[PDB]
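Heads up: the structure comes next, in structure tokens.
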Amino acid sequence: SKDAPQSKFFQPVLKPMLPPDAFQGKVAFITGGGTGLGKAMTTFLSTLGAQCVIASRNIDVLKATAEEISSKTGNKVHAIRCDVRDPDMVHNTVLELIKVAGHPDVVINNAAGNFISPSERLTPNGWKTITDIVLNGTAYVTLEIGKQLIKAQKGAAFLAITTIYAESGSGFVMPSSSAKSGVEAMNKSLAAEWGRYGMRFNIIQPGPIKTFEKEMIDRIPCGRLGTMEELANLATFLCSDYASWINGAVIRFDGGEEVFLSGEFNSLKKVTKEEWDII
Amino acid sequence: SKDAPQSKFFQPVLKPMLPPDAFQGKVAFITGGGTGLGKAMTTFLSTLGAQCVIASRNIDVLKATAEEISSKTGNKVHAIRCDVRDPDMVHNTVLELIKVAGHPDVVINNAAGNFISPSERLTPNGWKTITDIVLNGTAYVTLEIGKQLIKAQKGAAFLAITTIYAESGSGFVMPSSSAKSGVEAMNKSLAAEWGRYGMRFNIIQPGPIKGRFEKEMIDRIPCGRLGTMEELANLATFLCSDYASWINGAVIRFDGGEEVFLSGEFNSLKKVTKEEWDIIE
Amino acid sequence: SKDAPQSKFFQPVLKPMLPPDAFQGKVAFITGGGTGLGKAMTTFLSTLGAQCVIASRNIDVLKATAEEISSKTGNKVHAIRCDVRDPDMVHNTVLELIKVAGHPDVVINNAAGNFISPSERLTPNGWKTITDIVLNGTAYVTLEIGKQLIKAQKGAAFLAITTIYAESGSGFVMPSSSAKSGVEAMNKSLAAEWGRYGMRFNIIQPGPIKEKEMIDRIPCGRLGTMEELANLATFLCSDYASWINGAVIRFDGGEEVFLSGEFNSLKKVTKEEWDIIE
Amino acid sequence: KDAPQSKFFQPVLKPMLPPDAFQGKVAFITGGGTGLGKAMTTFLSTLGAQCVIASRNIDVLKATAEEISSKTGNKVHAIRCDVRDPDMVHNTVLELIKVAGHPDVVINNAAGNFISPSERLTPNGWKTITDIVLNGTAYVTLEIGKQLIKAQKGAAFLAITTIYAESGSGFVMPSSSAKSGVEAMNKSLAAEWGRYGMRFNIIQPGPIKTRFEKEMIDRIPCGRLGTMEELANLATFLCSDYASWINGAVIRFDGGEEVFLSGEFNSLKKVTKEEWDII
């Protein structure tokens, strides 16, 4: 493939790492749970015993993913259609979650939109679409669930999937960077504010996950792209009771990409042994 | 005043620090320029020779401030009504800026809204108001001006006023923290993306600037006092001046040491007395 | 107890979370592995199948811990005396590690010293002691093992235990903050430089691990446990984390986000006061 | 030569603060005989300060002191000091107080560095860099601080680190480590020593004028290297009474280099207009 030689030292493990009943009796709510990383996280949660609820705009995709997962694990996966931009729809969706499965013990905000563009080509509407979906949508889901958990006197573990470029900034993905950085600040804020209510909040910042990646592999110390299964192991750990004292954490899941990118002299990896020998 | 004793070591200097006419021939655009921090920055820019344009919702406040500043400095201050939440109004405001003063050399995004609230008492409308004004408003201003500068083949220095709690998060100001963190990521992105177009972007993160929180805040500020708007204006004018032409993508805490004090796990041991330390030894 | 009411929502799970053979065939090297967090990490590694080598200054403590762990798990734990301040002793310790167990797959730099003091009461010797143990000691171990792994074309996962105050700074623990921040920069540097040699490097930043004043600043309402730390550490050193490199993970019950937020002290405002403020 | 956009970011080399901004003040600068230290000393002296410069080479220090004082008319004293030696640092601080006075301004700039694969570092090479940069800055800062506490006087401290202290970087790993330690030290003392009137700030430079340098320019949004005069303007501002409420701050002085390096998609600057149109 396109992987670099050092990838032999960093082979992925794709199987769930936690014990087979680690989420028995637990309820999990995953936005964007019908596709991609959301589907992978839902799959692992369901495999480990959770009753899952997935929500996004496309009910056909959600129902297909829900049947696929539940057929494989024997545990229920419920689909609820929801555009997270619509705070009234979010409110109804949370009420439905509580009715069909119960208050959630695990909340994963993963719904996102993105497109790569020179910033000077962005329109105000394109800007507002990304910030509405990523930032406002995560806020509405988080606040609505939080209010219900406070009313019920129940706690939960929340996880938001952002990106390494939320904290650094990045050209060409500027609206996504901005909205995702807002999501990070939101979760750090609520980690500090809502401990008394039993809610903890963590962030995973992914690099590139397999799903122009030769150029990307050249900037990844581990020499390969990440996998959704590995991300799901990290996410399920953070959402599990084994991580009940992990709160306000921000975890890079990136093969070393961000430390590589950010270090001023890391490009000197291209200097050969022979060139170093020659001073 | 209510200041802590060590404030004697950190007295503020309120006069502009840069040379007279350091902004002669320059145009500056300041959102929120009619009040508070925005007015202080506009005052210093005008004093140093800039032609300024201030924009916000209240035209009477803007006109009053413009007349007040221009009558002291002798340099023109133009007022334009603009709700930064409305991208069409932002577009028209930038067109007027160029028509009445010219392309800006200095852009300061300072318009904001905020309130303190338990997050569980927030409504979607309150959430939207803060994020729309702070995050979307700054984006519309920055993108609209940037596109015009690219078309004119001119550069500029941009400055955004955020807060120390954008990077840390904070309970009780969570919408502001989120929106302001978005503004930080926006500016770091454009500093990296738009160098080829001659635009640089920097961030100031203020602590509290000059009723019970204020007293407790002083106890958490190493410099022993609140900041002043004049000091903030000195920092802002420096960063927007040609003396800072190689400062780009920078984030600068202006907080009297508040954030380092807050963030350090054992800083509360300031209360331990000399005699208690002798025992501990 | 001293725990806050909300701790009921965040009860610790003390059992090892990874599968029983997650470290079968692996060799781990743990500085400070005879006590405290190092002992807890070694215990979980050994329980999960690793062969472990623990190194620090006190050979009697190390031997007692080695016997305790290996008796319970059935897997070997080797003790080596090593003062990490001494690079020649570090070199000899790494040679012995390779002879008795083999090249390590897992390296945990945990040896440290600390004391609380006003910074104006520090002496040059006190400064040197903390920085030499924490920063230079971790550098010597990491450089010595890394050079051996490069020669052998074998990879490993490295973990350094720092602290939340490495990144923030903190008064009263200033030498420790400085040394530990140096350790963080070291590991981020090598995560980027040495991935090409199959080594990855991560950091855990702990809050307080088993006082009441501290608990009131922790959102989770209790101190952390060594078993929870060991679950996080073993995950990061396991092949399930083979794409986690250069990461810095707070393990602090929320303490650092609570401390660092300008308005977080408003947690003291009552419901009635908020009603009034509205 | 510089990149095409450099014409938009031209340097201003003249001191920006008022002519007497440091009249009556005393400044102590480690490494003040060369490079950035000499530039900072030059601006301080021009603005009225009485300066004391300290490093290992007394002949260089003497030459620089005469050169500066002959141009400004303000005294510059040379004191030989290897900052690795805490007893020599103690003696140097006592001489500073005797010949000039307690310092109002303290700039820790002495450093050593060399670029090397980390696997080519020796323990002695490691210890040399950490001793000079981290221990040397600690000894200077602590010894001066103790004297200022005894006299009930305050001061502004400034440490020159680097953008790679906070990020890490391969090939400069000991410098990254030691300089990160300096950052933590200064943030710690800003929080601890407010009651004593001492504030502490950090400048993180990118590449400053005086092979890799042409490649570096392509990674610098401002399109050129920085100048020592511009750095001296930033440093004199931070050490002046105009910045008396700036404390614990860390300021990048890097032409945008760090935000460029750190952003995941910034390399898409190479995509042409026609390629973007196609999309």
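The chains in the structure tokens are called A, B, ... from first to last as shown; in each chain the residues are counted from 1, and the ligands are counted from 1 in the order shown.
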Residues of chain C were defined as contacting chain A if any atom lay at most 8 Å from it, counting only C-alpha atoms; please report them as a PyMOL selection string. chain C and resi 5-14+17-19+154-156+188-189+191-200+219-221+224+228+231-232+239-258+261+264+267
Counting only C-alpha atoms, which residues of chain D come no farther than 7 Å from chain A, as a ChimeraX atom specification? /D:164,167-171,258-259,261-266
The selected residues should be written to file as a PDB file, in the first residue's frame (atoms: N, CA, C and O atoms).
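out.pdb, freshly written:
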```pdb
ATOM      1  N   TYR D 164       9.416  26.399  19.300  1.00  0.00           N
ATOM      2  CA  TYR D 164       9.470  24.954  19.473  1.00  0.00           C
ATOM      3  C   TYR D 164       9.577  24.503  20.929  1.00  0.00           C
ATOM      4  O   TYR D 164       9.539  23.292  21.195  1.00  0.00           O
ATOM      5  N   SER D 167       5.809  23.499  21.262  1.00  0.00           N
ATOM      6  CA  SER D 167       5.381  22.435  20.388  1.00  0.00           C
ATOM      7  C   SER D 167       6.197  21.157  20.514  1.00  0.00           C
ATOM      8  O   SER D 167       5.710  20.085  20.128  1.00  0.00           O
ATOM      9  N   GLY D 168       7.425  21.245  20.990  1.00  0.00           N
ATOM     10  CA  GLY D 168       8.422  20.234  20.732  1.00  0.00           C
ATOM     11  C   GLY D 168       8.991  20.403  19.337  1.00  0.00           C
ATOM     12  O   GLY D 168       8.372  21.000  18.456  1.00  0.00           O
ATOM     13  N   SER D 169      10.178  19.836  19.119  1.00  0.00           N
ATOM     14  CA  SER D 169      10.658  19.629  17.757  1.00  0.00           C
ATOM     15  C   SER D 169      11.792  18.623  17.758  1.00  0.00           C
ATOM     16  O   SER D 169      12.723  18.725  18.571  1.00  0.00           O
ATOM     17  N   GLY D 170      11.743  17.683  16.825  1.00  0.00           N
ATOM     18  CA  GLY D 170      12.910  16.884  16.528  1.00  0.00           C
ATOM     19  C   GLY D 170      14.094  17.756  16.155  1.00  0.00           C
ATOM     20  O   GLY D 170      13.942  18.904  15.708  1.00  0.00           O
ATOM     21  N   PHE D 171      15.289  17.203  16.366  1.00  0.00           N
ATOM     22  CA  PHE D 171      16.580  17.750  15.932  1.00  0.00           C
ATOM     23  C   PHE D 171      17.085  18.922  16.774  1.00  0.00           C
ATOM     24  O   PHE D 171      18.282  19.224  16.740  1.00  0.00           O
ATOM     25  N   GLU D 258       4.521  29.564  13.167  1.00  0.00           N
ATOM     26  CA  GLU D 258       3.982  28.461  13.945  1.00  0.00           C
ATOM     27  C   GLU D 258       2.559  28.115  13.530  1.00  0.00           C
ATOM     28  O   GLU D 258       2.203  26.944  13.449  1.00  0.00           O
ATOM     29  N   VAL D 259       1.711  29.116  13.292  1.00  0.00           N
ATOM     30  CA  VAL D 259       0.353  28.781  12.853  1.00  0.00           C
ATOM     31  C   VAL D 259       0.382  28.124  11.476  1.00  0.00           C
ATOM     32  O   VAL D 259      -0.432  27.235  11.176  1.00  0.00           O
ATOM     33  N   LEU D 261       2.903  26.167  10.251  1.00  0.00           N
ATOM     34  CA  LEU D 261       3.400  24.816  10.454  1.00  0.00           C
ATOM     35  C   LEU D 261       2.328  23.920  11.036  1.00  0.00           C
ATOM     36  O   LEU D 261       2.158  22.770  10.606  1.00  0.00           O
ATOM     37  N   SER D 262       1.607  24.427  12.035  1.00  0.00           N
ATOM     38  CA  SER D 262       0.747  23.584  12.863  1.00  0.00           C
ATOM     39  C   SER D 262      -0.592  23.252  12.220  1.00  0.00           C
ATOM     40  O   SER D 262      -1.263  22.336  12.698  1.00  0.00           O
ATOM     41  N   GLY D 263      -1.015  23.978  11.200  1.00  0.00           N
ATOM     42  CA  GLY D 263      -2.328  23.700  10.620  1.00  0.00           C
ATOM     43  C   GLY D 263      -2.340  22.621   9.566  1.00  0.00           C
ATOM     44  O   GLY D 263      -1.618  22.702   8.566  1.00  0.00           O
ATOM     45  N   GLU D 264      -3.200  21.619   9.771  1.00  0.00           N
ATOM     46  CA  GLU D 264      -3.188  20.395   8.985  1.00  0.00           C
ATOM     47  C   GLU D 264      -3.284  20.626   7.484  1.00  0.00           C
ATOM     48  O   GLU D 264      -2.694  19.870   6.705  1.00  0.00           O
ATOM     49  N   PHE D 265      -4.049  21.624   7.044  1.00  0.00           N
ATOM     50  CA  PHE D 265      -4.292  21.812   5.613  1.00  0.00           C
ATOM     51  C   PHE D 265      -3.590  23.018   5.022  1.00  0.00           C
ATOM     52  O   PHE D 265      -3.854  23.365   3.868  1.00  0.00           O
ATOM     53  N   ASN D 266      -2.654  23.627   5.754  1.00  0.00           N
ATOM     54  CA  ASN D 266      -1.995  24.829   5.250  1.00  0.00           C
ATOM     55  C   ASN D 266      -1.143  24.550   4.026  1.00  0.00           C
ATOM     56  O   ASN D 266      -0.908  25.470   3.229  1.00  0.00           O
TER      57      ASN D 266
END
```
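The shell of residues at most 8 Å from residue 186 in chain D, with only C-alpha atoms counted and near chain neighbours (fewer than 2 positions) removed, consists of residues 169 of chain C; 159, 182, 183, 184, 188, 189, 190, 200, 201, 202 and 248 of chain D.
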May I have the residues of chain B within 7 Å of chain D, counting only C-alpha atoms, written as a ChimeraX atom specification? /B:6,9-13,17-19,155,188,191-193,195-198,222-223,227,231,242-243,245-257,260-261,267
Per DSSP on the backbone, what are the strand (DSSP E or B) residues of range 18-50 of chain D, as a list in words? residues 26, 27, 28, 29, 30 and 50 of chain D
Could you dump the residues just selected with N, CA, C and O atoms as a short mmCIF file (atom, residue, chain, number, x, y, z; two decimals), in the first residue's frame?
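As a result, result.cif now contains:
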```
data_model
loop_
_atom_site.label_atom_id
_atom_site.label_comp_id
_atom_site.auth_asym_id
_atom_site.auth_seq_id
_atom_site.Cartn_x
_atom_site.Cartn_y
_atom_site.Cartn_z
N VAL D 26 17.50 50.41 35.31
CA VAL D 26 18.65 49.52 35.18
C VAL D 26 18.18 48.21 34.56
O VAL D 26 17.19 47.62 35.00
N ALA D 27 18.92 47.73 33.56
CA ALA D 27 18.57 46.48 32.88
C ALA D 27 19.75 45.53 32.92
O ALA D 27 20.91 45.95 32.77
N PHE D 28 19.46 44.25 33.15
CA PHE D 28 20.46 43.19 33.19
C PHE D 28 20.11 42.19 32.09
O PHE D 28 18.98 41.68 32.07
N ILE D 29 21.06 41.93 31.19
CA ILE D 29 20.81 41.09 30.01
C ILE D 29 21.88 40.00 29.93
O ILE D 29 23.05 40.30 29.66
N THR D 30 21.48 38.74 30.09
CA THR D 30 22.42 37.63 29.84
C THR D 30 22.55 37.39 28.33
O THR D 30 21.58 37.52 27.58
N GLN D 50 20.44 52.28 32.01
CA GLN D 50 21.80 51.89 32.34
C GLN D 50 21.78 50.37 32.28
O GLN D 50 20.94 49.75 32.92
#
```
